[PDB]
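Enquirer:
Number of protein chains: 4
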Amino acid sequence: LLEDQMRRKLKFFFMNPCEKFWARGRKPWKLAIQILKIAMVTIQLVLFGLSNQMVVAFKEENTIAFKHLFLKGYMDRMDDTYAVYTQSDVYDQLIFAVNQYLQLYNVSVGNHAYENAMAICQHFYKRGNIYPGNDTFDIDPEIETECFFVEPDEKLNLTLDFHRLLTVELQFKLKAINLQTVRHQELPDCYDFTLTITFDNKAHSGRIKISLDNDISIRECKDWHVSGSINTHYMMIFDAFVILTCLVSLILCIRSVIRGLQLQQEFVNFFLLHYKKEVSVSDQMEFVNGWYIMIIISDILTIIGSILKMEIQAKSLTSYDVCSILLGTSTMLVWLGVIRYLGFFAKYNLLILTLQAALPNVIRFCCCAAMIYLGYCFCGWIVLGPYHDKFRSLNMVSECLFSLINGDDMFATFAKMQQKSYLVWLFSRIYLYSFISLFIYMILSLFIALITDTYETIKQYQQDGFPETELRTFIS
Amino acid sequence: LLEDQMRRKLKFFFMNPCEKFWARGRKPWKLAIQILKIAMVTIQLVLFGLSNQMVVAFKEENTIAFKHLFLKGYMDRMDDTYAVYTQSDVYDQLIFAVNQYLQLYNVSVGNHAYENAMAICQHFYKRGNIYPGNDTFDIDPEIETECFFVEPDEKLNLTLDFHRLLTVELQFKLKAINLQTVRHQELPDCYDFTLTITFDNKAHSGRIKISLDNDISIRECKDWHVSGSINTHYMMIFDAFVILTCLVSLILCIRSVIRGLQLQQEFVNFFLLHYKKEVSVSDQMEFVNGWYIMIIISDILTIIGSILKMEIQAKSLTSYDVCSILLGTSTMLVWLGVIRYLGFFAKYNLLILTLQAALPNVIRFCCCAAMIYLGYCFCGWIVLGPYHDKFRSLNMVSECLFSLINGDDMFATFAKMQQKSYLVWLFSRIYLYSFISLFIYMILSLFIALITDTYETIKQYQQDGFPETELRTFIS
Amino acid sequence: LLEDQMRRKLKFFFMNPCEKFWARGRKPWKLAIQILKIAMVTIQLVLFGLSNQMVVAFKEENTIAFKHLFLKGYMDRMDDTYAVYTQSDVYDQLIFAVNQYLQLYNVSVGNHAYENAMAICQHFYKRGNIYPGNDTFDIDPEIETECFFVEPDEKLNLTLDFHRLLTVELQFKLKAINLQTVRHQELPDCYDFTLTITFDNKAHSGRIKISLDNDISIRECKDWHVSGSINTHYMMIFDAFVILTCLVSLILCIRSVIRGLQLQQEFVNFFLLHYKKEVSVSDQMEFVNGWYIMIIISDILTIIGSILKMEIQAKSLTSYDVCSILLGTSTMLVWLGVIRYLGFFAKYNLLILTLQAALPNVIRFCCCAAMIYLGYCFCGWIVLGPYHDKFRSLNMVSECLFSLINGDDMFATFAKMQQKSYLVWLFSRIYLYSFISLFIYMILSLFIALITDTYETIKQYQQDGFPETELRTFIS
Amino acid sequence: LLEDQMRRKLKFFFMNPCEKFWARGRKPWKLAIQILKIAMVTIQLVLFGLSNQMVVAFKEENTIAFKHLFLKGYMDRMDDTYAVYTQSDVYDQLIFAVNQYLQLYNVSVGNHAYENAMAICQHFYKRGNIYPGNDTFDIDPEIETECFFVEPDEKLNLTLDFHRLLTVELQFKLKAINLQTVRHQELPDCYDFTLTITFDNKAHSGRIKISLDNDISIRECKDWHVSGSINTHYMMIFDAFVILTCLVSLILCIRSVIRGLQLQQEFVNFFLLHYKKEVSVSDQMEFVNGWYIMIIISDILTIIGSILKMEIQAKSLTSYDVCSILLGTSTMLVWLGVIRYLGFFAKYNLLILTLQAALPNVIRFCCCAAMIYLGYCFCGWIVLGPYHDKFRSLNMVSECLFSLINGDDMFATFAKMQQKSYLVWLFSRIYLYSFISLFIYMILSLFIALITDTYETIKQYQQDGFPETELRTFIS
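Chains as they are written, first to last, in the UniProt record's numbering: chain A, 33 to 148, 155 to 192, 203 to 278, 281 to 526; chain B, 33 to 148, 155 to 192, 203 to 278, 281 to 526; chain C, 33 to 148, 155 to 192, 203 to 278, 281 to 526; chain D, 33 to 148, 155 to 192, 203 to 278, 281 to 526.
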């Protein structure tokens, strides 16, 4: 009858394990190709990560070197967020960095070279006058910028006036070859570094903020002869094969989803002819697999990210920002679908189901508590904002005070209070104590309670019955 | 009959959602105006916070500058809680700070200026004699204070004798204009800094404690001409409109509360004529909304805080202490009432109800455990007080050892024990180990147990019935 | 009958609240005097703590001063666990400390004085010969000690040979008066400091370990004249009244306990004549109050500690070690009995009862897990002991790795591995990962489960019935 | 009948406590010898640990000394992972270390001696040419190594060219005797230190990485005469007796296991003749003791580790790596079997049983969550890898981010983001926030729920019945 032929069709359709689709008929495809995509996208990613980590592992190191070469009185180990005050000493930095640039072949150990050359930038106001003692100023909302050009060879001349001075900057390129990357592996060895020292006077507070910033561009050498004999990049293959596995599993997943929707509306109609039951929300949403939706999102994202990787490796742009993010979130989604395949196995399916049933209420409670904690933020930002250093901008309030829910670096935040106004000090202790109490002895225990109860209910389900369903009646 | 006309009245009165008051009749007021107050009080606050954060962001920076200008041998990065020992070196600080004051136009990068000028304070005893080798002293409970006045222009003379010397102090004003605040935004640019270096000899221990303290006052410039053409503060509006929204929602909430109380005592009397039941505590407290009480507290507090903000911005006092606290706690209460509006929505009402039912027992247990932990405090303060540095005053004992319940910076407090008396060392390990065990493996699990059980009981309630109530009988 | 007259007697005896003993008859004694003892022993303790904290607050400060005076190249802020290597530099420390001693009236700011004077100690072997290049030595298990005496007034001579040198030491007394203690409060102002610099060569490793140690003795000044007119210690009273309140509550508690035991064996016999039931363990232990046992322990301990305080304050010894411990643990026990008084109140009695029922199983599980964790200790001590710095002696293994259960300073212990032998590195990661997993995802959840279940069972008890008891039958 | 004679046999076989095997018949062996093995293997281990800790306690100290002697500008306290930049300064290190080697008898306090002598290593390329400015290089995959030999006695000559220079190295031996070890205890006093300074130029980045590494070999002195009269190692005994106790308990445990297996298959057959039930998996695995399996593993491992200890102490090799690991994991297994003996006692058996029933599901969930967290790792490694310092290699990602589940050093990882690309910054906050939320408010609560429920189920079992078993029927 039409009824049992459904029972055959939808029971075998809905049988969770493709192990059962294996156990009648002969087909093993949909899991095999998807494990292929797992190992493919993860080897893709890991390979990407090691290459990019070599580029970075050279960049941070050279930036360290340049910091100790061009920054006067920079301790051989390190310093951080450097600062200057007296004017002649700013002059001594600038003169020092210049004389270090010109003599760098004598000075430096590293092989960095001029490229076949410096330059100097000053940004000053169109019209300065400021009389801080007379209570009278005029301000210009315009900056005129003047430059020099100082040559690699052939003591200095220069001019500076602080009051009109907004920022001073040094820009130039040092070009260096990375032995250990090209030598063993096939990656480009040529680096164009743009070094910029910059002095921020924008605060006009007396602090001249010094930073040495490093921009980096990759190039391949015109002639490389190693071992006395005559790089070759094969990634050109495996990126492509990734894009193909991804196109394929995308097509298949989408096809199965659409078939499931056609059988969705078909089933609705059939149940209308016979029993005239509707229930299109619950059962319509049952017919959605919901995991193949993840596999589609992941799969689109690996297509886009693999394409961007292929184009950036083609032009050698080296931003590697958007590409990396896409590739990483996609592979994380794949590794999350492995839980899917663990659902069939035997026992894990309980524990997975209860993670699945807890998440939709968990997010709800996250809304509720988000209002509390978002409330404290606007409190302590304004009350403690002038006094505490870790409450400064709202963001630091939120990310610090969230680190304080998890109970980390807490004695710090208690210990660093200014204690000038005694009232704000006391408030600080009521604020911090009360809040930490509220999150650690309520809200954490509310997640524990919520999830515990969810877990026992799905344990009862797997022990005795499941909620009555039109579909379940009619398949059995 | 009088009975059903109640059932109509009190059922519609008590219907939790104003969504239902919407669904019969036509009125949407009480929620609309209150969301207005939400966005109003939070934009009020956030705006306040960004302005005040600009003032502070300039203050801390200039204080850094002055610290590195007037403190001899203050490392360009920073030092902390500075100290001096040899007497000639105290002289070298003082002479140094003076010669740095007089030459500061040559020296400093910042634009700070004398105001159209120094002064020097010495606080010495009326009669000193102390013979620490003879075992004999006489002490004076009186301080005579002598000052100098040193001019901005035109090497030094001065006198100091340590034994009679209680504190030395330098006070003076540097006046500076903040470009980046006035320039983009409408806020005052003029700062009067009172710099005070102070040397605390009060301990008479040999340590001369140096600090450089910064007092700051805001003023508007007499003539500001920017861009070659001719600040204006609009906050004058939005503060007022806040005070109005607050007055309005205050009046409305109070009115509804009072009506609810009149229907309270009315209902009591009516149930006396008919069935003669009393139960005035349970049901009398039912008639209290209890959320509008929060909205009143919040609303009064935003009235007071907005008024203080308006007056301080009027006179430009800049304490911004009491005002900020009021405004922040008020807005935190508003953000806490958003949970109220989340109670109607659908499912959250469970989870909210169980937070509500857990809090009243949670506070009880907080009493009980507060006695334990308050007991340990008086223990470790005296036993470990001489030895540990973080147990010093009782307060540090309580705030450290509370940071130790949450399990932070613990290996520190174990590792820093003096270990001179071996008995106190051993006690230290029994103390710390035992206490940390007791709070993390009992009391945290007691909050978890308490709240879990509360949550399951209100889950049963929402599943099957609620406690029998006179009101509930008579509305249904 | 004999039966109901028991029911009268034992029901009123066992009625938990003395509120009920109040509600029939007229007596309020046993709680009133005990609250007296609460406030008495805690004011006793707190007063002790503030005085002792003044003594310490001066000691640590002066020790800081001396450290910066007598230790060459000791940064004005601080250094820690100082060290020396080259021999001429050890000489430069010693010569420096001497020339700093002799000139200290010129040098130092603090008022410390010679007392109406130095001395120098050298500890050398009876017979040294060590030939580390010849592989041959002879060792003497005897030390001969030679001293000098260097005068406060009137460049140096001295002799040192490192190989025979075990330790060098400088001992002497500086005598100083503390203004701020005597002046406001009644405490002695005279301090005898014994300063000892010591150089530990015991390791014979090339590191000469320098430390400056401070011994301190309190004395009262012979003539103190303050304000031009003519300390007085009243503690002589309040210590005594403490000892009296303690004797009194001790006598009363013991008396009630003994009466309870006489009615214990009486009841056993009476139930033998009538029903011939034994059950002497359960009910015999019921007749023990069990809280008055705490009050006795506390009370004895406050007697001993108050006596030791009175004697030490009499002789002014200032060890303040054993005394402090006794006084502090006693007062902690009192503050723990306040939970007792919270048991009667109303609702807390549930939560208290479940703490009481959980503790006896909690200790059991503590045994079980103590075997695991004590096992890991003997593992990581030997495997990681040479490599990690925080696993050194077993104790540091146990107190660090316990800090690691609570999840603190963890990334440190992962990050500091030597990584010389790769096998020990890998083992280190299996060790740390596995252990941290085991305690945080098992044993903490086992305490949570144990206590939760205990709490629900006593909740059922207070809801419906208690275990059948001979006593409970026969009182009702 | 054959049936009751089983019931006698298997009931007494399976009676958990050997207390019951005591209570009929007379034998106490199997527990007595095993407690012997407990105290034996733990005294073995602890003794090992104290000896090895003396060796290490001398090694780290001397390494400190040498670091401060041979490293120019190494602060007397310490520095870490030292670095150099300018070429003449590398020369100044090298010249300095040489002049410190030659003069070390004058210089150093420690007794270290030349052994009856330096050497110097340079590793340079076979053919260098690198033109970083011309974009052209040739690389040699070959290193030619040249050495000098510099004498202990009798300013320097040397040659260095950086571009061909891969590493420079100094190797030599200082020989020192440890007084405090031989003197009190019987251990060898002679140390051969191999000191190697090494300069890593491999990065060719401009950073010359300096390290001072210490290799150490133990020897016994040819002539030691102490106290004027004439070491002796007894460990030769107790190691052997350990190996014997271990052989014995191994033989016994294995014998009982094999007997249990023979009665296993016997019982299967007997139940086949009578009732013809199979159930060989459940009951076959019941007949395995499962604890004696642990005791065998432990016992084999103590045999191997004691043997390796005996051989290393024989030859005095001092690696002490594999040996230590074996000995430590074995003794940890023994200390874990003490839980076994706690199972019989009385009440602990519940709590033990539930640890035992929770572990097999716990590992399952560990698989599931391992997929998630292993997914995040491959995400944040690539996205945050260039920017964060603690995400560098994948391993640091995993061990840091695991330290972040437990909630430690979190505000660090939030605070150190580069913030160059704003998109990667934002992603960083979604990554970190989301992940920390997911593990602390889900997966920890899922372990809590899982274990709680397991605990209540075994509580019901011990209260009422156990699952029906063929064996249990037929023993009762």
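Beta carbons are placed, not taken as given, at the ideal position from N, Cα and C, and that holds for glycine.
What are the start and end residues of the alpha helix (DSSP H) that includes residue 85 of chain D?
Expert: 61–102 is the extent of the alpha helix (DSSP H) around residue 85 of chain D.
Enquirer: Contact check, residue 402 of chain C vs residue 418 of chain B under 8 angstroms by CB: the rounded distance?
Expert: Yes, they are in contact, since the Cβ atoms of residue 402 of chain C and residue 418 of chain B sit about 7 angstroms apart, within 8 angstroms.
Enquirer: Would you list the one or two residues that DSSP bridges to residue 239 of chain A?
Expert: Beta-bridge annotation (DSSP): residue 239 of chain A is paired with A:224 and A:266.
Enquirer: Is any beta-carbon of chain A found at less than 7 angstroms from that of residue 100 of chain D?
Expert: no
Enquirer: Assign residue 112 of chain A to one of two classes, buried (16 or more other C-beta atoms within 10 Å of its C-beta) or exposed (fewer than that).
Expert: exposed
Enquirer: With 7 angstroms as the threshold, decide whether the Cβ of residue 94 of chain A is near any Cβ in chain D.
Expert: yes
Enquirer: For chain C, find out if any of its Cβ atoms is closer than 7 angstroms to the Cβ of residue 56 of chain B; answer yes or no.
Expert: Not closer than 7 angstroms to any Cβ of chain C, the Cβ of residue 56 of chain B fails to qualify, so no.
Enquirer: Please confirm if residue 414 of chain D has its CB atom under 7 angstroms from at least one CB of chain A.
Expert: yes
Enquirer: If you measure between the beta carbons of residue 116 of chain A and residue 256 of chain A, is that distance less than 7 angstroms?
Expert: Closer than 7 angstroms, so yes.
Enquirer: Expressed to the nearest angstrom, what Euclidean distance is found between the alpha-carbon atoms of residue 203 of chain C and residue 213 of chain B?
Expert: Using only the alpha carbons, I get a separation of about 32 angstroms.
Enquirer: Taking the C-alpha atoms as reference points, what is the distance between residue 481 of chain B and residue 432 of chain B?
Expert: 12 angstroms
Enquirer: I'd like to know if the region 69–76 of chain C and the region 53–64 of chain D are in contact, where contact means that at least 3 CB-CB pairs between them fall below 8 angstroms.
Expert: Taking one beta carbon from each stretch, the region 69–76 of chain C and the region 53–64 of chain D have fewer than 3 pairs nearer than 8 angstroms; the two do not touch.
Enquirer: Rounded to a whole number of angstroms, what is the C-alpha to C-alpha distance between residue 87 of chain D and residue 359 of chain D?
Expert: Pairing residue 87 of chain D with residue 359 of chain D, the inter-Cα distance amounts to about 15 angstroms.
Enquirer: Determine the chain B residues that contact residue 228 of chain C at a beta-carbon separation under 9 angstroms, and present them in chain order.
Expert: 250, 251 and 252
Enquirer: Can you check whether the C-beta of residue 137 of chain A is within less than 7 angstroms of a C-beta belonging to chain B?
Expert: no
Enquirer: Along the region 257–271 of chain C, what residues have a CB closer than 7 angstroms to any CB found in chain B?
Expert: Hits within the stretch, in order: 269, 270 and 271.
Enquirer: Suppose the cutoff is 7 angstroms on Cβ atoms and the five residues either side in sequence are ignored; what does the same chain contact list for residue 444 of chain A look like?
Expert: 427 and 431
Enquirer: Would DSSP call residue 469 of chain D helix, strand or coil?
Expert: coil
Enquirer: Using three-state DSSP, classify residue 367 of chain B as helix, strand or coil.
Expert: coil
Enquirer: Under 7 angstroms between beta-carbons, which chain G residues line up against residue 458 of chain C? List them in chain order, please.
Expert: Absent from the structure: chain G. Protein chains present are A, B, C and D.
Enquirer: According to DSSP, simplified to helix, strand and coil, what is residue 332 of chain D?
Expert: helix
Enquirer: Among A:46, A:363 and A:522, which residue has its Cα nearest to the Cα of residue 235 of chain A?
Expert: A:363
Enquirer: Hey, is the region 163–176 of chain B in contact with the region 261–272 of chain C, meaning 3+ C-beta pairs nearer than 8 angstroms?
Expert: yes
Enquirer: Pull up the distance between the alpha-carbon of residue 126 of chain C and that of residue 478 of chain B, whole angstroms please.
Expert: 36 angstroms
Enquirer: Reducing DSSP to helix, strand and coil, say where residue 117 of chain C ends up.
Expert: coil
Enquirer: Assess, as a yes-or-no matter, whether the region 374–392 of chain D is touched by the region 341–352 of chain D under the definition of 3 or more beta carbon pairs within less than 8 angstroms.
Expert: yes
Enquirer: Per DSSP, what are the beta-bridge partners of residue 167 of chain A in this structure?
Expert: A:176
Enquirer: Does the beta carbon of residue 173 of chain D sit closer than 7 angstroms to a beta carbon anywhere in chain A?
Expert: A Cβ of chain A is located within less than 7 angstroms of the beta carbon of residue 173 of chain D.
Enquirer: For residue 261 of chain C, which three-state DSSP category applies?
Expert: strand
Enquirer: Taking the C-alpha atoms as reference points, what is the distance between residue 142 of chain C and residue 177 of chain B?
Expert: Each residue's alpha carbon lies about 16 angstroms from the other.
Enquirer: Residue 338 of chain D: buried (16+ other C-beta within 10 angstroms of its C-beta) or exposed?
Expert: exposed
Enquirer: Whose C-beta lies closer than 6 angstroms to the C-beta of residue 455 of chain C among residues of the same chain, with five residues either side of it excluded?
Expert: 489
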